[PDB]
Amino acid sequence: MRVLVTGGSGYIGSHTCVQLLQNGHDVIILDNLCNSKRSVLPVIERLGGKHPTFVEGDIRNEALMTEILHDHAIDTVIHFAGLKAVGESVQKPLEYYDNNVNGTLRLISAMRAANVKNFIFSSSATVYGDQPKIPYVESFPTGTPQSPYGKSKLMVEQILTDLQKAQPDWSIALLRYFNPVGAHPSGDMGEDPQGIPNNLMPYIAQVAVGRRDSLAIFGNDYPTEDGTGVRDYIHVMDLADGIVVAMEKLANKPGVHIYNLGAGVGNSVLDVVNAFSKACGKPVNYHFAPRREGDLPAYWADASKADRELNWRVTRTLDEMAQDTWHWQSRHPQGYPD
């Protein structure tokens, strides 16, 4: 199929695009490069075995979206573009609602004008919020997300659900990713954000290669076993495989198809730090810090729905995620060329 991958030079997107190209799909990447490096493109192409088209631009530019969709006869859209830092969103709400809500609205408006009716949305475990039972299950209601990032993702889910009710030929996947970590097994593609990483694992990896002095751990007084936050860590390669399976299986199947994509087990921040220390051979330096706004104490997935319906499940462990990120970072301590 001919796939538009917004945010496709980013972390999840770059891994997804490799898998898409390996499966014979045609890939067009749209990215504004605010949180990724252009030089990942040829790495995607070498690992994927096929050339992806690149367009530098912004999902908020509806005119450009419409041009792309038409110029390439796109079949399906995988949407990764947006801003993703929970704590940052509390400080910069308008930027998150603009990139995430308006940006998705602009993209789906261009899709409706171009008659493209297959959408795979990068949602988040943060749409559940504080109320729902853990592990999270898709058949029980969401609650109140705890940050503008989380709220933005739930607002887009709702907008997309109401679009599909009005326009019932659409197929829309709401894929609630949990916490992807890890890197491609070659060690030549991994996470490389712009500036200081907001996510846990790339920060730890940059400490381990000597770029940053110490990890700050955001909270040690949570109601968790060791007092640090607990999350469901999923290897980015398993995540990317799930996304591709969803895209293929759900294209042209009308409805709103909701899946948790996670490993189904929780690990704490200190668990991740310990996993990485064993992979790299040295204790990763850290210090405790206050809780980050927008963080819940603990959550993890029930990913049985994706197992039953998509025949997908995780295959890699947290230790293997830490090993693959260390393999990447140690090979490329400054990330991609710039």
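In this text, residue numbers run from 1 along the sequence as written.
J.: Which wins on mean Cα temperature factor, 87 to 95 or 205 to 213?
T.: The entry gives the higher C-alpha B-factor average to 205 to 213.
J.: If you take the mean CA temperature factor per stretch, which one wins between 20 to 28 and 6 to 14?
T.: It is 20 to 28 that shows the higher mean C-alpha B-factor.
J.: Would you mind finding, among 184, 257, 235, 165, the residue with the largest C-alpha temperature factor in the entry?
T.: Each of 184, 257, 235, 165 was compared by C-alpha B-factor; the highest is 165.
J.: Among 171, 124, 224, 142, single out the one with the highest C-alpha B factor in the record, please.
T.: In this record, 142 carries the highest C-alpha B-factor of the candidates.
J.: Please say which third, lowest, middle or highest, residue 129 falls into when its CA temperature factor is compared across its chain.
T.: Ranked within chain, residue 129 CA B lands in the highest tercile.
J.: Based on the deposited C-alpha B factors for this chain, I'd like to know if residue 304 is in the lowest, middle or highest third.
T.: CA B-factor rank for residue 304: middle third.
J.: Rank-wise, by C-alpha B-factor, drop residue 157 into the lowest, middle or highest third of its chain.
T.: Lowest third.
J.: Ranking every modelled residue in this chain by its Cα temperature factor as given in the entry, which third contains residue 180?
T.: Within its chain, residue 180 is a lowest-third residue by C-alpha B-factor, going by the deposited values.
J.: Determine, from the deposited record, the chain-internal third of the Cα B-factor for residue 282: lowest, middle or highest.
T.: Tercile = highest for this residue's CA B-factor.
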